[PDB]
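1. Provided hereafter are the protein sequence and its experimental coordinates.
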Amino acid sequence: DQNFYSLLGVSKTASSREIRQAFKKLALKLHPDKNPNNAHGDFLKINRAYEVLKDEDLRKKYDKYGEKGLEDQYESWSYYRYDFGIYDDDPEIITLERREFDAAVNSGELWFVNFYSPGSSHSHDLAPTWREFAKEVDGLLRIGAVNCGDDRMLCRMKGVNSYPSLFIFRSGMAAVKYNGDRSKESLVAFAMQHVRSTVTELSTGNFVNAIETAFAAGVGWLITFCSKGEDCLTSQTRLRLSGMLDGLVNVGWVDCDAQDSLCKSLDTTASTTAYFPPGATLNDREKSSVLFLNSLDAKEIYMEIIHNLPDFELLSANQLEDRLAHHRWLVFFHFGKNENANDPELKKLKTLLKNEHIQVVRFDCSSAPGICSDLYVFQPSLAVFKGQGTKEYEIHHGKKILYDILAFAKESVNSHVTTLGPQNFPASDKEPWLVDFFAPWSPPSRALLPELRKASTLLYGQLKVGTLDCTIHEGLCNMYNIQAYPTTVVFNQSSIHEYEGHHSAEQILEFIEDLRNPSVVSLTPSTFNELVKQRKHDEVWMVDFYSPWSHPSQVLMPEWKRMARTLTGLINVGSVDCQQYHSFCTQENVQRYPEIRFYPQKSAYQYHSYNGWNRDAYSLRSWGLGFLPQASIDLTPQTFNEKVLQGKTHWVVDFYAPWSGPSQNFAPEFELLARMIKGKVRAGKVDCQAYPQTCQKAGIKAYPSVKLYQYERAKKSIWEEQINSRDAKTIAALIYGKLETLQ
């Protein structure tokens, strides 16, 4: 009831910014420095709520388990009042978080990003300037900020160790660090270097070519005509428009005194500024094609032009399926009303996505309802199709704003996450699927999507990846017991394995490779009782009693599986989910998660608990194999001569003294060897202290000595070789190599 969202007066659907500001208002009101009451106590609860809700891992964990997983310090009032959330109230500054960063600065737009550390002398020298700078260049490029304080990994990985650091980004080119003085005019001059601001002087000679070339590419021309003693667009205005309209409209000018025959031909003797759409025609008799402008100001002219540019082409429903599967499309689904009417800036998507070969289109669901229905589109939505032969798409769940949409379209179309539903769900598929059950209103769900996309590309051909919108497909989510968002699940031949590791390609792949060849038995109370408690014969068990809300358990799980792979045919490896079987684990005295236990041969202790410091695969494996009893046969002079020398099978033999230190050090490794090669080679030990005769005959000079005996079936004979290696795995491979060359 005292939920962290409730404590900040905020909903579970709150953005990072909404959480930050919510915390800030409470922090300023409940801070110690402003209250002799109590203070610290009330302030420590909201600070705990913030510290958890601001962390990507902790918030997703909190959403899934609440407080049970989270295990257990602040700044001055001054800090929260002046230095905290420093750009949250500056609309021109786009704040970027770790997982949305790469998609943003690789969108295709020009980005100038302030990597800063929050503080008094850090920023605030810069912050006011950075705010004014964003206003000045608004419309020409994106101004970003990254709080390295909250995204240390992101700053570290980008090689940013000192603050502030200023970088220009643009897809297709390397990042450019700015080292100049951080005045507004210097920042501006630096950024303008990277803006595309081409203004063409048009003339009688190049006019027709410039127009036709542009028109064929579907691009119009903004042209100002200058003559003596007439006002026209100044060079600075011309440059402004050039950058503002980059890829949309070419900016140019004509000197009419120098280009008389051109200005006569166009019948524009005076000073005019005109926009020429593709298809436009201008002469003394025809002027309706052209849009003449009255302003001399860049923004006033831009606003008029961007509104007059044509809307996206309306996609015919007749084409779909065939057209949708073979081409890249960015589709604005609408229901009668064009929902994009209030934002002409979206028209820039055409030119920005030209190199991605995406056609940006509108589709009217009121003209073919069945089409939108079978796509499970019920409200206006945005979808980008991959067009590689099949109809594959993702739905945009970000802000309905240009830079966010663009970032999504490019990232999604170049990755391999697809949208699932009841009709295409891999409930019983041959190839393995990774399915992400989520809600669009969930900020950790949305945040996961870039990771998922990245992994989808790296794992192409090995793992298929899809998302399922539980907000729409409630029946499917219930069926698979989805209790929180996001929940990622691997479907392997209708087997279901929830995945709670990091969503990087390498760890997902390792997790999947274990699934194909299981190493750990997932044990139930019923099946633990039958396989472990009622274990028979020569069989031992290692069991990890874990809980999914436990952090050290989550760390152990991949190590535990790594270990189990190396223990094939040596030790049985199991695991128990103590969240699911809480009562059972209570009866088994599991007082900590994770609990690791070894179960020896029945034939006197119940089990042994692991109490080592390190819980990596190698040290857990060594601990377990150390419990195993002797596998090698203790030979006598009688049996050594009878069963080895006069035998018909292959042997490895350890000649040793029980007092020899090296003999004792090698003893466990020999027993490991015996179990490894068991089935092809018998193993024996010879106590040279007890039987000096036999070791004398064998010619043993040093303890321990290892002999390999191979039976030549064709010649009914055993021949002997010395083994000098003392590494079990090494010896085993060596022996096996020899056995192939024996048949």
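-> Arrived safely. Residues are numbered from 1 along each chain as shown.
2. which stretch of helix or strand covers the one residue sitting closest to the centre of the chain?
-> Residue closest to the average C-alpha location in the chain (CA atoms, centre = their mean): residue 451, at 1.8 Å. Assessed by DSSP states H and E, residue 451 sits inside helix 443-458.
3. mind giving me the packing neighbours of that helix?
-> Where contact means 3 or more CB pairs under 8 Å, 6 or more residues apart in numbering; DSSP states H and E, helix 443-458 is packed against helix 56-65, helix 98-105, helix 402-413, strand 417-419, strand 433-438, strand 464-469, helix 505-516. To be clear about C-beta, it is placed using only N, CA and C from the backbone, and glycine gets the same treatment.
4. let's have those in a markdown table, adding distance to residue 158 and mean neighbour count.
-> A markdown table is the format used below for the helices and strands packed on helix 443-458 (distance: least, CB to CB, whole Å; neighbours: other CB atoms under 10 Å):
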| stretch | distance to residue 158 | mean neighbour count |
| --- | --- | --- |
| helix 56-65 | 17 | 18 |
| helix 98-105 | 8 | 20 |
| helix 402-413 | 17 | 22 |
| strand 417-419 | 25 | 20 |
| strand 433-438 | 27 | 23 |
| strand 464-469 | 26 | 22 |
| helix 505-516 | 20 | 16 |
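5. these into a markdown table, with extra columns for distance to residue 481?
-> A markdown table is the format used below for the helices and strands packed on helix 443-458 (distance: least, CB to CB, whole Å):
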| stretch | distance to residue 481 |
| --- | --- |
| helix 56-65 | 13 |
| helix 98-105 | 27 |
| helix 402-413 | 28 |
| strand 417-419 | 21 |
| strand 433-438 | 10 |
| strand 464-469 | 13 |
| helix 505-516 | 19 |
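6. distance of the residue nearest to the centre of the chain from residue 310?
-> Distance from residue 451 to residue 310, counting by CB to CB, to the nearest Å: 37 Å.
7. helix, strand, or coil at residue 481?
-> The three-state assignment at residue 481 reads coil, by DSSP: H, G, I helix; E, B strand; the rest coil.
8. got the buried residues for the helix or strand harbouring residue 305?
-> If you go by DSSP H and E, residue 305 is part of helix 298-308. In terms of neighbour count (16 or more other CB atoms under 10 Å), helix 298-308 has its buried residues at 298, 301-302, 305-306.
9. cool, stretch 78-89 as well?
-> Here stretch 78-89 shows 80, 83-87 as buried, counting by 16+ other CB under 10 Å.
10. on that earlier part again, which residues does the helix holding residue 305 contact?
-> Contacts with helix 298-308, where a contact means CB atoms under 8 Å, 6 or more residues apart in numbering, come from 139, 222, 233, 237, 240-241, 244-245, 248-249, 273, 275, 277, 291, 293, 295, 344-345, 347.
11. switch the cut-off to 7 Å
-> For helix 298-308, the external contacting residues (CB atoms under 7 Å, 6 or more residues apart in numbering) are 222, 237, 240-241, 244-245, 249, 275, 291, 293, 295, 344-345, 347.
12. how far does that helix sit from the chain's center?
-> 39 Å (CA atoms, centre = their mean, to the nearest Å).
13. what do you get for stretch 621-636?
-> 44 Å.
14. same question for stretch 30-48.
-> Computed by CA atoms, centre = their mean, the chain-centroid distance of stretch 30-48 equals 37 Å.
15. swap in stretch 229-244?
-> 45 Å.
16. extract the CA atoms of it and return them as PDB.
-> Extracted in PDB, the C-alpha atoms of stretch 229-244 (Å, rounded to 0.1, in the frame of the first residue of the first chain):
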ATOM      1  CA  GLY A 229      17.000  48.700 -55.300                       C
ATOM      2  CA  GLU A 230      14.600  45.900 -54.300                       C
ATOM      3  CA  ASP A 231      14.300  44.000 -51.000                       C
ATOM      4  CA  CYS A 232      14.800  40.200 -51.100                       C
ATOM      5  CA  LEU A 233      15.800  37.400 -48.900                       C
ATOM      6  CA  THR A 234      19.200  38.200 -47.200                       C
ATOM      7  CA  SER A 235      22.000  35.700 -47.400                       C
ATOM      8  CA  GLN A 236      21.500  34.900 -43.700                       C
ATOM      9  CA  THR A 237      17.800  34.200 -44.200                       C
ATOM     10  CA  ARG A 238      18.600  32.100 -47.200                       C
ATOM     11  CA  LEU A 239      21.100  30.000 -45.100                       C
ATOM     12  CA  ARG A 240      18.500  29.600 -42.300                       C
ATOM     13  CA  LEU A 241      15.900  28.200 -44.600                       C
ATOM     14  CA  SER A 242      18.400  25.900 -46.300                       C
ATOM     15  CA  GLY A 243      19.100  24.100 -43.100                       C
ATOM     16  CA  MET A 244      15.500  24.200 -42.000                       C
END
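17. okay, buried residues for that stretch please.
-> Buried residues in stretch 229-244 (16+ other CB under 10 Å): 232-233, 237-244.
18. just those residues: which are in helices?
-> When DSSP state H defines the helices, the subset of these inside them is 237-244.
19. turn these into JSON lines, including distance to residue 622.
-> Converted to JSON lines, those look like this (distance: CB to CB, whole Å):
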{"residue": "237", "distance to residue 622": "76"}
{"residue": "238", "distance to residue 622": "75"}
{"residue": "239", "distance to residue 622": "70"}
{"residue": "240", "distance to residue 622": "70"}
{"residue": "241", "distance to residue 622": "72"}
{"residue": "242", "distance to residue 622": "69"}
{"residue": "243", "distance to residue 622": "65"}
{"residue": "244", "distance to residue 622": "67"}
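20. strands of the stretch 501-650 of the chain, start to end?
-> In the stretch 501-650 of the chain, the strands defined using DSSP state E, counting those that start in this stretch lie at 521-522, 541-546, 572-577, 595-599, 608-609, 633-634.
21. would JSON lines of those strands with mean neighbour count be doable?
-> Shown next, in JSON lines, are the strands of the stretch 501-650 of the chain (neighbours: other CB atoms under 10 Å):
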{"stretch": "strand 521-522", "mean neighbour count": "14"}
{"stretch": "strand 541-546", "mean neighbour count": "25"}
{"stretch": "strand 572-577", "mean neighbour count": "22"}
{"stretch": "strand 595-599", "mean neighbour count": "21"}
{"stretch": "strand 608-609", "mean neighbour count": "14"}
{"stretch": "strand 633-634", "mean neighbour count": "15"}
